[PDB]
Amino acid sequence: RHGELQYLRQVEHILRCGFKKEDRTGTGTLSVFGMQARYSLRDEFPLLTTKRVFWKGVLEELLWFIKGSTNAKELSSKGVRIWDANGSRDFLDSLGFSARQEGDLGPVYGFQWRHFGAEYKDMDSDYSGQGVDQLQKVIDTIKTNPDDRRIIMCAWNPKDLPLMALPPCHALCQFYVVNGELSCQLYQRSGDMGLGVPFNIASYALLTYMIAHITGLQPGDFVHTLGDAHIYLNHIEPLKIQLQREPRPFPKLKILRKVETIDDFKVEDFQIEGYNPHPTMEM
């Protein structure tokens, strides 16, 4: 009944039925290919309670995508340092991006969402009016033709892949309207169940709350679809302890004023209410 039970049941499934599968680093995982969960967004927000999620992170990252930034420093400046390693001098240099300034992640989410198909130069270039503004397109469609079955925002851009500091885990999302309610489905190609997935659910849930607010709809479901769902072998023992915790009721997300456009949202517009995660995993 509690929606977090689906996440825990996925983790239980990978622990019990997953296959050992080597991976790009070399730490090894247990893996299952193809999973799906549905998190209701109706009068609650799916911010996992069996372990704390970095909400400040979720929110600032999402605001950073929306402004179309591809500078890790513009995020880091908000106290959210999750993308900093990927834009470091040594990391960029290792990919052959010696000409880039530190921070320049290349044409990642912000760019694809706002400027798909534009020619990326650097993180400081002016791309005003260039490419497809997928995010505004989705919002426009939801308002004018909510029954449309093509309401997609796609970060996966095969042309641009070699220029990105890393390829996106969240390949595309799709939006859906029925009965005054906005749903979102994420196709996530690769999910670290222990460390990444709870954050990723909160992210796409928050986007859906944001879009539903500006289009005058209510949040429906967040449908989480995974490709390689995995648990790193060093996360097994912590997840078994986590798996013994009963979820606390999900918190509520409140939007504190009437916001007209997606660009106008600010950190202060949001309040998480009644979040009571169980107390205290390496990447």
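All residue numbers are counted from 1 along the displayed sequence. Between two forms, the rigid core is defined as the largest C-alpha subset superposing within 1.5 Å.
Remark: when the other structures in 8 other deposited structures of this protein are fitted onto this one via the rigid core, 92 to 100 deviates more than the alternative among 92 to 100 and 169 to 177, judged by RMS CA distance.
Fitting each structure in 8 other deposited structures of this protein onto the rigid core and averaging C-alpha distances over structures and residues, 22 to 30 emerges as the more displaced of 22 to 30 and 62 to 70. Counting the deposited residues that fall between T280 and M281 and carry no coordinates gives a value of 1 to 3. The PDB entry records a higher mean C-alpha B factor for 85 to 93 than for its counterpart among 85 to 93 and 156 to 164.
Stretch comparison (126 to 134 versus 190 to 198) by mean CA B-factor in the PDB entry places 126 to 134 on top. Taking only the listed residues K252, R38, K56, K258, the entry reports the highest CA temperature factor at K258.
Ranking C169, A99, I151, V178 by Cα temperature factor from the entry places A99 first. Sort the chain's modelled residues by C-alpha temperature factor and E44 lands in the middle third, per the entry.
In the deposited entry, the Cα temperature factor of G34 sits in the bottom third of values across the chain's modelled residues. Looking at the C-alpha B-factors along this chain, the one for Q244 belongs to the highest third.
Compared with the other modelled residues of the chain, the Cα B-factor recorded for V223 ranks in the lowest third.
Sorting the modelled residues of the chain by their CA temperature factor places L75 in the middle third.
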